[PDB]
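As they're listed, the protein sequences go chains N and K. With the authors' numbering, the residue at position 15 of the first sequence is 125, and numbering never jumps. With the authors' numbering, the residue at position 28 of the second sequence is 247, and numbering never jumps. The beta carbon of each residue, even a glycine, is placed where N, CA and C say it ideally should be.
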Amino acid sequence: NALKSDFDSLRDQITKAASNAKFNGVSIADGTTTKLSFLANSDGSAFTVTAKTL
Amino acid sequence: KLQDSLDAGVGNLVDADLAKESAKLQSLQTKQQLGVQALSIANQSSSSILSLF
């Protein structure tokens, strides 16, 4: 039972640590959105970066 | 670790690259000096016509 309580507190810490990782209201590891795009050149082409949920 | 990463992110968003600013300042002072010289040359342009009359 003690090892199971340790495992549960550990997985809860992973959930919190994965949830709080955001920048100016946007995150990539959160899983909220499939991808993020960023400007690459003057005419509006984007540097796509796909999300990797954690 | 999260506070460190977030402060580093805001610093990357806001901090100027000073090494560029120093060269920009040098070129701008040389430009202002040549501009004051050109302004003096423009101020002297009207003086010559006294010789005409």
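| Query | Result |
| --- | --- |
| Cutting at 7 Å between CB atoms, please list the residues of its own chain near N:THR143, excluding the five before and the five after it. | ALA161 |
| Of all the options N:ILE138, N:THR158 and N:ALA131, which has the alpha carbon lying nearest to the alpha carbon of K:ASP223? | N:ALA131 |
| Could you compute how far the alpha carbon of N:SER115 sits from the alpha carbon of N:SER137? | 30 Å |
| Between the stretch 220 to 233 of chain K and chain N, which residues of the former have CB atoms less than 8 Å from a CB of the latter, in chain order? | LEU221, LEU225 and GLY228 |
| Would DSSP call N:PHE133 helix, strand or coil? | strand |
| What residues match up with N:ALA156 in a beta bridge as DSSP calls it? | N:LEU149 |
| Measuring only the C-alpha atoms, how far is N:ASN151 from K:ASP236? | 21 Å |
| Name the chain K residues that come within less than 7 Å of N:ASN130, Cβ to Cβ? | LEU221 |
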